[PDB]
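Following: one structure in structure tokens, then a few remarks.
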Amino acid sequence: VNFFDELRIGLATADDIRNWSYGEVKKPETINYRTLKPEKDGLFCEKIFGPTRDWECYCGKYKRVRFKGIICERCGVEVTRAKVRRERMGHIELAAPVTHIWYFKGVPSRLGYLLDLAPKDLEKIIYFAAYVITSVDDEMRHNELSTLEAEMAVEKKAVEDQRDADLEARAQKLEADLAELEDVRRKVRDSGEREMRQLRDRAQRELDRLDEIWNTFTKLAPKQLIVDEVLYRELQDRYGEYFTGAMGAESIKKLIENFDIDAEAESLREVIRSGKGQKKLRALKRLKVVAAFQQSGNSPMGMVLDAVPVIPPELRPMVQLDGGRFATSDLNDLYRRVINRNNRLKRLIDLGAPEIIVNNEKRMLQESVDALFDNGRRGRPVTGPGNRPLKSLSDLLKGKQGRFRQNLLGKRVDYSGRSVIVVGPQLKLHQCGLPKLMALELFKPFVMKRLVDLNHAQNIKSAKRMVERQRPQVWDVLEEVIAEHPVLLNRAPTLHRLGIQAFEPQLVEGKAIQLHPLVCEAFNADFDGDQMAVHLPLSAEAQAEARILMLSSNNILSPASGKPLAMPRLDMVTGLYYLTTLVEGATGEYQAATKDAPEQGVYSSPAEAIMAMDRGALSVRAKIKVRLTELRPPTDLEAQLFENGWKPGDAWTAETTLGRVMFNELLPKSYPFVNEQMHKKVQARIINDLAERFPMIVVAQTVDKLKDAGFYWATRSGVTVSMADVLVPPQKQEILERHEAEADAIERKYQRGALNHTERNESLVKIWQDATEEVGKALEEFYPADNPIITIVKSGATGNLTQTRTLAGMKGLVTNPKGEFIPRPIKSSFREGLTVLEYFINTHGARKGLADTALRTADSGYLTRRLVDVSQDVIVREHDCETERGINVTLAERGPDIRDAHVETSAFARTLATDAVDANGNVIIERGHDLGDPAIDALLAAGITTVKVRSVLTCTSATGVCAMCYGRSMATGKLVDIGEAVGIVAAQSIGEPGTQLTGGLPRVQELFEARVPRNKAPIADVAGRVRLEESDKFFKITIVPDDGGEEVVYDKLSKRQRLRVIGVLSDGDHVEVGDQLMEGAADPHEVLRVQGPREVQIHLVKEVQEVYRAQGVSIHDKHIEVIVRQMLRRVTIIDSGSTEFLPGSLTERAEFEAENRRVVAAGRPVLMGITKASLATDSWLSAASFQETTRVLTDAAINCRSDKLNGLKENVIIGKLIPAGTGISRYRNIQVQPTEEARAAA
Amino acid sequence: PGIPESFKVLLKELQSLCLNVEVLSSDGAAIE
Ligand SMILES: [Mg+2]
Ligand SMILES: [Zn+2]
Ligand SMILES: [Zn+2]
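One line per chain: the protein sequences are D and C, in this order. Heads up: the first sequence runs through residues 4 to 185, 192 to 906, 910 to 1010, 1027 to 1090, 1098 to 1195, 1202 to 1283, numbered per PDB author numbering. Using PDB author numbering, the first residue of the second sequence is number 1106, and each one after it goes up by one.
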């Protein structure tokens, strides 16, 4: 079936635990040391759990598969599958009831908040250090109080009679002794007086005990503890029928039996109303756990265990190693300790033992079960060999090695390989090369199927043997089998969505995976030993998902900026750069000769030009005039020539390079001419234009032709490095030594005594940085264009002017491991070679860099993990919820009388919120347009300096988001689809380029975790005019308000924080409530409380994009906005509460709004950390999987909350199809019937 | 694909931790 909509929890009642169990274990024995067989009515027992070998009983009478569902009369074992040994749960009947440690030792205690007592006192009750009173019959005590009071008065009169009698009996004896006696007498007198004083003290203590017993008897009630033990020993025999008490868990069971949840829950709702203040908070902390038990179908009786369950043996396995020695699990020892003490307790009950040994054995049992459920929680942990704490049942679930975490989120997989990747530039983008010896095994069943389909193999086994042996016939079939049966290639670490991609596996001879060169950026995979993992998607649905969603051709555009990630890089770039770049004074050049000769550099066809090239006559990079037919001309030359008919086979003249024609020959038919050198940016905008204008297959193919051509022309580029090719600037002697003359001089100033070492140390850095800059410039003035080093960098293929400067000229200043720059620079090129010292100083920054990039990946991985686990639930649920709300994007602020640099990140690929009204009101565009450049330039032309766009930030959808509010999806390039997990896309998109940073990832994780900044720069609380008084190395800023209230004053902020540049902030200026005061980082919490959610929603995006914008990465805002949304979807409650809501809790906005109406509450906006927001979820499985499994499982179990599985990270854990992409009902239950018009003829 | 052993083990683990976890849809309750 595999279809369960929801998942409910609760507390396991002894009845349900018995109903679960098939047999009762009743001996403390695991396996026989001699024969190594399971023991009868013990642990691992076949009778209760299941058979050791598949279809085999214990004794060995029934061992045939033919019969099933019969119990063998001798042993009592049922003959079924062995797998049941990892299913059929067991149980243990505890002679005395035992409470669960989770509802007791939990903080706060659930039993403790239910029954209202101190945990230190509750400890004493459970661990048999105190009696507690269960049920007092007050009426029968009250009715017959006076008789017992009279009996008490007689019992006082008795001890008074004894008291006076013994004193009288002593006094006469002392008087007689002194009389017979008359230092020697006074001593005996004093001794007598001391003895009669002790006899008086005894009577006083006895009377005190009686009076105390009477007081404690008059003051009786349920849930009352006794410390003395002898008082309860006395109160047991006399006045025993009027009340009842006990010690242990049975007492708590008897207290739960004598309990009414409704009255207790009701009273608690009044006691909160009566005493408002601190005790209301305690009564309200008490309320929540009690209130939960009302609506819960399960009764709180199940909080105490009469019987305890027993985990399937296979999950606590005792397997013999290759030798004999046991590597046993700890659970076995705990279960042994429990069943031992249970058997001993039952034997003590059978014997009829005294109370002390029974209570001690019950304490031991209680401690054993407590240790079994949670080891090292109460006092010391249980240890076996060599003082190591025993792995408990709860220790399976908790920790980084927990079931929830380790053994549910990352598993090993079948129909999957791994190998080393090599380049495969012969392959088309969608193709990948697979090593035949891998492929053969990887498709073994698929090829076996076709080998049995064909008359190659007689039967399956011969096909299995044939493919196992690697016979010649398999290879003719394996391509027929692999024909369009795609494979998912992965490169760990799997940062972003395209880090997995599907490919057509082409067979290759070797033991390497021939990857495509373009997808290397989509994997971030070098060929420097980096492995990849092949997975064979088996299901038709999987095969489809691979083919449509994640086939590398179909997703050229990154899910980040919607830029083509599968674009040419490294060689291809220099290839096409050389191919297309123009050169003066070349072969077969356009001359335009006068009088005598013709123009020469003019050719009838690209064919002619190719023939003129291949034969030594024409140079590819020559400004020739070619007459083209197949190609479309430039936009200006379209108008001037044809402007009516098109050019399928017409003719027009172009003054280009053969290479530009051979380039445009690669680009699609109806794409116009470029006539430009193909810089990686030019390629980027070209393939972007292809992406936005043309279908994705056209892009996939054209970029592959660009790859093939690019590589072909990379060879005949002539990009090769030599000691001759790498030059030095001839002024490097002059410019450097001059910058010595300025430095040495400072020394001549220092030796006299004017400037200090620290200012000198900086001025040096300035001078030698200027020296580095001079060389950095001067290099490019000298270096020729065709120079391979210049080709590699100025193409944009790879490398920077920095790297070229540190290769040729000088590395300049290099940094210490602190961060400070060394004043003596590397005054020598890597070409010249560093001096041992200059090198040794260089080592610092490089090792520091390696140490930083070693750290960066794991931190980025953790950031990615948090950003995934916060926005794991954010999918596109519906198309349109329809809301006028949005955000106002800048888009050309006042001018030209202008385009913003960050339009592509902020505005582009989004739906419009409002109808684009202008001064006149001739609405050029309505709400809900995808915002292509036409729209942006049309709105710039229209004359508006702000546009309102629909955001996830302001989406009115309850579950997930609506498609329209998100915008045009980057992956597709169309309107986002109505199941996309934009949350995880965004998460990964933000998470991936953390590795490409250097402030940086700290600022990112600090901003996303929503913590207080390292530089707490305050904001303006009220709008007004600034006035700043400069104190003893301190700033006193006072803001005089415009409205008419109290002026905002600050005192103690550091002098090196610096004021904001708005020229610069000084006395005589007016500052806004919105703006920051000093340079650094504005506290989000501060911005939220002052300027509401919408401003901080922009602030987060602005302050978390600036780092990517600075570190040269481009993410689209919407991705961040899916996180910044998931942050601001909670409220902190101040007072009132209404429906048992706590003051200073974290409650969801939509469900809070539903309560807030109160038809027949005070909550403020809160900004919480992504970890806190990921912790704050309704689905108990996800919260349990994230962190603190015990805390949340205990909190949930008592509440008996039913998980809807609306989130997907739970659907992953339970292993059901995820609510996203191709697992939502409207997709996964699509009924496709073939059309009657098609079915008619057939 | 029915249900993973990685779910069954968690189910049985939580049943062994005495947390009465039970599977049920909108109409009708399921069996383990
Ligand atoms: Mg590498
Ligand atoms: Zn048998
Ligand atoms: Zn919406």
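Heads up, the beta-carbon is just placed ideally off N, CA and C, and yes, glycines get one too.
Which residues in chain C sit within 7 Å of residue i, going by Cβ to Cβ distance?
i      : result
D:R11  : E1127, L1129
D:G995 : Ordered by position in chain C, no residue passes the 7 Å Cβ test against D:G995, which lies about 23 Å from the chain.
D:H103 : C1123
D:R412 : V1114, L1115, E1118
D:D8   : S1130, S1131
D:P321 : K1117
D:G828 : Result: empty, since nearest Cβ-Cβ is about 46 Å, beyond 7 Å.
Closer than 9 Å by beta-carbon distance: list the chain C residues that pair up with residue i, in chain order.
i       : result
D:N416  : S1111, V1114, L1115
D:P318  : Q1120, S1121, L1122, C1123
D:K420  : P1109, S1111
D:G1262 : Here the premise fails: no neighbours, minimum Cβ distance about 16 Å.
Smallest Cα separation from residue i: which of the options?
i                       : options                            : result
D:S1220                 : D:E1138, D:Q881, D:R1193           : D:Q881
D:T1174                 : D:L1163, D:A1189, D:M1162, D:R1164 : D:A1189
D:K71                   : D:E81, D:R77, D:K64, D:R1042       : D:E81
residue 1196 of chain D : D:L588, D:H494, D:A575, D:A733     : Any question about the placement of residue 1196 of chain D has no answer from these coordinates, since chain D jumps from 1195 to 1202.
residue 190 of chain D  : D:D1060, D:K1080, D:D1049          : Any structural detail on residue 190 of chain D is unavailable, because chain D resumes at 192 straight after 185.
D:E593                  : D:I565, D:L627, D:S614             : D:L627
D:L405                  : D:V391, D:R725, D:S425, D:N384     : D:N384
D:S804                  : D:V391, D:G584, D:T866, D:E488     : D:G584
D:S963                  : D:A970, D:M1113, D:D861, D:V1157   : D:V1157
D:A1117                 : D:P681, D:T102, D:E1138            : D:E1138
D:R345                  : D:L381, D:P363, D:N369, D:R372     : D:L381
C:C1123                 : D:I270, D:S112, D:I128, D:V319     : D:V319
D:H505                  : D:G995, D:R1232, D:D1110, D:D1102  : D:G995
D:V784                  : D:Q812, D:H766, D:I801             : D:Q812
D:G63                   : D:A855, D:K40, D:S1059             : D:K40
D:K758                  : D:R350, D:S772, D:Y106             : D:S772
D:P111                  : D:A1261, D:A1281, D:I1239          : D:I1239
Check the Cβ of residue i against every Cβ in chain C and list those closer than 8 Å, keeping chain order.
i       : result
D:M92   : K1117, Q1120, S1121
D:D19   : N1125
D:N563  : Within 8 Å Cβ-Cβ: nothing; D:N563 doesn't reach chain C, min ~25 Å.
D:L1234 : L1119, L1122, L1124
Residue j and residue i - do their beta-carbons sit closer together than 7 Å?
i       : j       : result
D:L1163 : D:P1119 : no
D:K232  : D:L118  : yes
D:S548  : D:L438  : no
D:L965  : D:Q1132 : yes
D:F1227 : D:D878  : yes
D:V883  : D:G972  : yes
D:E266  : D:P100  : no
### Task
Report all residues for which the CB-ligand distance to some heavy atom of ligand 1 is below 7 Å; order them along the chain.
D:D535, D:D537, D:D539
message = If contact is defined by three or more beta carbon pairs under 8 Å, each pair taking one atom from either stretch, is the segment 537-549 of chain D in contact with the segment 1113-1128 of chain D?
response = no
Query raised in the report: If you pair each beta-carbon of the segment 282-294 of chain D with each one of the segment 1167-1187 of chain D, do three or more pairs fall below 8 Å?
Result: yes
- Query: How about the segment 124-143 of chain D and the segment 407-419 of chain D: do they share at least three Cβ pairs that are nearer than 8 Å?
  - Reply: no
inquiry  = Closer than 8 Å is the cut-off here; do at least three beta carbon pairs connect the segment 698-706 of chain D with the segment 653-667 of chain D?
reply    = no
Original post:
What residues come near ligand 2, if near means a beta carbon less than 7 Å from any of its heavy atoms?
Top reply: D:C60, D:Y61, D:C62, D:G63, D:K64, D:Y65, D:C75, D:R77, D:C78, D:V80
| Is it a yes or a no for the segment 518-534 of chain D touching the segment 574-582 of chain D, going by three-plus beta-carbon pairs under 8 Å? | yes
Counting pairs of beta carbons, one from the segment 425-432 of chain D and one from the segment 515-525 of chain D, are three or more of them closer than 8 Å?
yes
Q. Three or more C-beta pairs closer than 8 Å, one from the segment 388-401 of chain D and one from the segment 273-289 of chain D: is that the case here?
A. no
Would you call the segment 970-987 of chain D and the segment 887-895 of chain D touching, i.e. three or more CB-CB distances under 8 Å? yes
- Query: Do three or more CB pairs link the segment 484-492 of chain D to the segment 449-460 of chain D at distances below 8 Å?
  - Reply: yes
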